C-alpha cells in the first residue's frame, strides 16, 4: 500500500546530525526558493544509508516522507528476482504517486543477470529529473561491496553512516520508544543505557516490548483474581525480567568492520 508514513523525527533516538542534514536536504528547496533560484541549485535526488542492522535506516526514510507529506513506497532487494522491466514499473508507480519517497531496502543482497537490474536502476535514475518530485533512498548493511557507479553526481548524492547508538543515543532510543507508554518512576533508563553497550536500536526496542507484555499479562491476571473478591505502569521489575533474554545481535567483529569503513572516509 502507498501512504504518508506516521513515523516522525521524534520517534528516532540519536542521529541528530543526520536528521538536520536530511531536513536541510529537503526543507531548503521549499523554505528558500528565491535563493535556490538565485544561485542555480538543483534539489538532491537520492541518499544511500549504510551501517549495522536495526539502527534506524528504514525509520529515517519514513520520517523524510512524513516531513514532506509524501507517499512512501518500499521495495526489498531480494524480491526483484523472477524481468528487467520490473525496475521500470516501480519507477512508474513512484512517479504516479508523486510527491513520493522510493526506498530500496536490502541492496547488499543484489550486490551479491542481476548484473543489471542494477543498470536498469541506474538508467531509471538518470532518466528522471528532480522536477518529478521523487526522492530515492537506498540502504545496505554491506558498504564494502557498493558499486560506486550509484554514487555518481545525479544519482544518490550522499553516502551517510548510521552507526550503533552510543550511550547518549541509547537513552534517547528508550525514551522515544516509551514516549507514549506509562512507565513507573522507579525506572532508570540511564542505567539501562549503561548496561547495554553494543546493543542496536532494534535490540533496545525488544527490551521495551518484553517489559510491556509482562505488565499487560500481570494486569490481566490480577483483575482475573480480584474478580473473585487507575492505569497500571511498566515497573522496574518488568524491565528486570525482560533483560535476561537480551543480548546484542551484532558481533564485535562486524562492529570493527563498520567503524573501519566509516573512519577511513573520515
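Residue numbers count along the first chain shown, from 1.
- Going from residue 112 to residue 113, you skip over 10 or more residues of the deposited sequence that the entry leaves unmodelled.
- The entry shows a gap from residue 82 to residue 83, with 4 to 9 unmodelled residues of the deposited sequence in between.
- If you average the C-alpha B-factors over 91-99 and over 170-178, the higher value belongs to 91-99.
- As recorded in the PDB entry, 34-42 is the stretch of 58-66 and 34-42 with the greater mean C-alpha temperature factor.
- In this structure the maximum Cα B-factor among 143, 163, 78, 138 is found at 78.
- Ranking 240, 203, 233, 229 by the C-alpha B-factor listed in the PDB entry places 229 at the top.
- The PDB entry assigns residue 184 a C-alpha temperature factor belonging to the middle third of its chain's modelled residues.
- Among the modelled residues of the chain, residue 121 sits in the middle third by CA temperature factor in this PDB entry.
- Ranked against the other modelled residues of its chain, the C-alpha B-factor of residue 24 as given in the entry falls in the highest third.
- Residue 262: CA B factor lies in the middle third for its chain, per the PDB record.
- Placement of the Cα temperature factor of residue 207 within the chain: lowest third of the modelled residues, per the deposited record.
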